[PDB]
Amino acid sequence: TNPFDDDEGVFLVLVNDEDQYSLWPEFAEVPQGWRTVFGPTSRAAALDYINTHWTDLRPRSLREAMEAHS
Amino acid sequence: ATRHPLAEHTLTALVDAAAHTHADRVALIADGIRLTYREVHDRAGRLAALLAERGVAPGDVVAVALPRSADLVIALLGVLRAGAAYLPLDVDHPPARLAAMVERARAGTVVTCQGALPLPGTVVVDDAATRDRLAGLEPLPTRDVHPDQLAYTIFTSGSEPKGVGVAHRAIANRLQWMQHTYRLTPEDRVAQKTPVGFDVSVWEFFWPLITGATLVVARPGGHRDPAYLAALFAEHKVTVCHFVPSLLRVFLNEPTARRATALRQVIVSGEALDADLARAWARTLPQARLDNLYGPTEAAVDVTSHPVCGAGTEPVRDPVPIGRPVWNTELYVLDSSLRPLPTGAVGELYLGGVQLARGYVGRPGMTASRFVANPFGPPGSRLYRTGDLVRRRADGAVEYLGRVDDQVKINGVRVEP
Ligand SMILES: Nc1ncnc2c1ncn2[C@@H]1O[C@H](COP(=O)(O)OC(=O)[C@@H](N)CO)[C@@H](O)[C@H]1O
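Calculation notes
- Residues numbered from 1 in each chain as written, not as in the entry; some residues may be left out.
- Chains lettered and ligands numbered in written order.
- Heavy atoms only, no water.
- Helix = DSSP H or I, 4+ residues; strand = E, 2+ residues; numbered from the N terminus.
- Buried < 20%, exposed > 50% of the residue type's maximum accessible area, 1.4 Å probe, protein only.
- Contact = heavy atoms within 4.5 Å.
- Polar contact = N/O pair within 3.5 Å; in protein donor to acceptor, adjacent residues only side chain to side chain.
- Pairing = 2+ DSSP bridges.
- Axes fitted to C-alpha atoms, helices over the stretch in contact; angles between N-to-C directions.
- Buried area = accessible area lost by both parts, 1.4 Å probe.
- Salt bridge = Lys/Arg side-chain N within 4 Å of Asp/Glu carboxyl O.
- Nonpolar A, V, L, I, M, F, W, Y, C, P; charged D, E, K, R; others polar.

Structure determination for this PDB entry was carried out by X-ray crystallography, with a resolution of 1.6500 Å recorded in the header.

Engineer: Outline the environment of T256 of chain B, supporting the account with residue identities and numerical values.
Structural biologist: Residues and elements named next belong to chain B. Tracing the sequence through the fold places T256 in the loop between α9 (245–252) and β12 (265–269). Using a relative accessible area of 29% as the deciding quantity, one classes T256 as partly exposed. In this structure, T256 is in contact with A227 and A230, ignoring residues within four places of it in sequence. At a separation of 2.6 Å, a polar atom in the side chain of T256 contacts the side chain of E254.

Engineer: Explain the sheet that holds strand β3 (residues 34–41) of chain A to me, using residue names and the numbers behind them.
Structural biologist: All names here are of chain A. Strand order in the open sheet formed by three strands is β2-β1-β3, with antiparallel pairing between adjacent strands. Pairing within the sheet leaves two strands with one partner each, and these edge strands are β2 (21–25) and β3. Pairwise comparison of adjacent strand axes, ignoring direction, gives a mean angle of 25° for this sheet. Sitting on the sheet, helix α1 (residues 43–53) is in contact with β1 (11–16), β2 and β3, with an inclination near 170° to β2.

Engineer: Mind laying out the interface of chain B and chain A, listing which residues take part and the relevant values?
Structural biologist: Listed per partner, the contact involves 29 residues of chain B and 30 residues of chain A. Both faces combined, the contact of chain B with chain A buries some 2,200 Å², and carbon together with sulfur accounts for 66% of it. One can count one salt bridge joining chain B with chain A. Notably, a salt bridge pairs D5 of chain A with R385 of chain B, separated by 2.9 Å at the nearest N-O pair. Inspection of the chain B/chain A interface yields nine residue pairs in polar contact. Those elements that provide at least two residues to the side of chain B that touches chain A are β17 (347–353), β18 (359–360), α11 (364–370), β19 (371–373) and β20 (382–392) of chain B. Looking at the side of chain B that touches chain A, the element that brings in the most residues is α11 of chain B, giving five residues. Class assignment of the residues belonging to the side of chain B that touches chain A gives a composition of twelve nonpolar, twelve polar and five charged.

Engineer: Give a detailed account of the pattern of salt bridges, specifying residues and quantitative values.
Structural biologist: The final tally for this structure, using the stated rule, is 28 salt bridges over all chains. The shortest N-O distance in the salt bridge between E64 of chain A and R60 of chain A comes to 3.3 Å. One end of the pair, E64 of chain A, and the other, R60 of chain A, are both in helix α2 (residues 60–68), four residues apart, so they sit about a helical turn from each other. For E64 of chain A, a relative accessible area of 37% gives the class partly exposed. A network of salt bridges, in which partner residues are shared, links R324, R391, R393, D395 and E399 of chain B.

Engineer: Kindly report on the pairing of strand β5 (residues 109–112) of chain B, identifying the contributing residues and their values.
Structural biologist: Residue and element names in this part refer to chain B. On β5, burial covers both faces: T109 and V111 on one face and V110 and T112 on the other are all buried. For strand β3 (residues 61–65) and β5, the ladder comprises four bridges, and the chain directions are parallel. Residue pairing in the sheet places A63 in a bridge with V110 of β5. The pairing of β5 with strand β6 (residues 122–124) spans three bridges and is parallel. Counted as the bridge partner of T112 is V124 from β6.

Engineer: Before we move on, can you summarise unusual backbone geometry with the specific residues and values?
Structural biologist: Put simply, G39 of chain A and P40 of chain A share a cis peptide bond, and its omega is 5°. The topology assignment puts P40 of chain A in strand β3. Across the junction of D318 of chain B and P319 of chain B, the peptide omega takes the value -5°, indicating a cis bond. Secondary-structure assignment places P319 of chain B in the loop between β14 (304–309) and β15 (324–325). For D31 of chain B, which is not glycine, the phi torsion reads 65° and is therefore positive. Within the secondary structure, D31 of chain B is located in the loop between β1 (26–30) and β2 (33–36). For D31 of chain B, a relative accessible area of 53% gives the class exposed. At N328 of chain B, a position not held by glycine, the phi torsion is positive, near 55°. Mapped onto the elements, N328 of chain B comes out in the loop between β15 and β16 (329–334).

Now the structure itself:
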């Protein structure tokens with residue numbers, strides 16, 4: 001069963017420079033280019049953090065390009 | 001090592017280049033008539049102008065609810081022309097399902113026709129007043145499109161369905177790879193027979209229209225009738241088409257399938273391809289090459305391909321490989337600790353590269369749980385976890401072995417129990 005689906009796992013939330021988010025199991029080394037913003041915590045609490053913080057799925061560069069059209 | 005330059009990074013650039021180069025060639029055979037590239041693009045430009053005057057702007061999502069027809073093709077092109085992403089609605093699905101998709105994707109406009117009318121922002125293309133307005137608008141010059149803007153949002157089954165948003169950059173890679181690999185010419189005829197809600201239809205519509213080839217549009221429902229498909233293929237000398245494995249079996253059980261002698265390349269994807277079915281194909285249509293393609297909606301239609309039937313292929317045996325990655329795509333076979341497995345060992349397929357979707361519209365938690373940080377790629381990159389169990393063979397081709405979960409296919413349609 002996939003570790004990102006393990007309801008009993010221990011999880012972090014990671015974000016990259018494009019302000020995209022990833023669930024992440026605490027047992028795995030954090031990949032380069034990603035920063036821990038929440039956890040270690042339960043899967044449900046990590047997903048709640050993501051659902052309340054990641055409100056725009058566009059990569060940051062695209063959003064900034066669209067804001068500059070003004 | 002699949003890195004490859006891209007001539008263009010948007011689908012609008014690819015379609016527009018072809019519209020100039022192939023203007024007076026036939027683009028569409030549909031509805032009993034023939035339309036040239038020039039005519040199709042004039043009509044798509046009028047629709048883009050109408051969408052723009054109704055508030056559609058780059059970055060928006062426009063739902064499309066039209067039966068398979070010339071008007072469907074024009075609508076998809078018009079939406080893209082206006083800088084928007086299209087959300088295909090299969091007019092067979094029940095109304096409540098379509099309404100929920102429009103809500104989740106925040107589609108503010110729905111393009112449809114009177115037959116398929118029985119939602120906010122409805123444009124009815126064959127309403128008298130709307131026909132008159134289209135005739136009275138100048139075709140709109142293509143909007144500027146950023147490659148990371150979406151080209152389409154397609155829903156798949158959700159263990160509530162999830163809407164996969166795929167950027168221009170991702171589908172531009174997928175279609176240019178396809179054209180490099182199989183090399184359509186303007187004399188080719190690809191069949192439009194896949195329902196518009198299945199992402200295979202994205203290349204049926206757009207691959208011929210970025211090359212100067214002709215799209216032969218099957219009637220609504222005709223994909224259900226293999227004798228009709230064989231007749232259509234013979235009538236218009238169709239040279240390229242798609243089947244899902246279960247419907248390929250149905251096609252080969254049809255006595256007149258052998259009349260499709262103009263076929264030179266068939267693409268099979270969506271389910272495991274068995275070796276006895278591939279052998280049956282080669283007995284029935286020896287001049288038609290057959291390739292097995294694989295991929296999830298989350299990674300722009302297909303990420304791997306394998307040549308199965310044709311000159312130069314290996315003898316077929318089970319499992320028939322799903323093959324090797326397409327351009328600008330990486331494959332990892334990982335264990336449950338996220339470590340790469342040695343060659344031949346079974347683990348779960350993870351996908352990297354330019355074709356990954358943006359994510360699931362309106363569903364950040366779900367997105368972050370399946371498009372995860374990438375240990376192997378450049379800093380800040382992601383992987384999509386497929387849920388597919390695979391192994392890599394000695395020679396490097398990948399074999400599909402089954403699922404980590406309970407997901408199933410019906411007639412190629414992804415279904416979550
Ligand atoms: N050649 C193949 N062999 C075995 N299983 C396959 C396959 N192609 C697709 N699949 C299965 O179909 C799933 C993707 O289904 P879907 O997103 O509906 O997309 C699609 O099906 C289309 N995007 C494929 O073109 C894959 O994760 C895998 O389980």
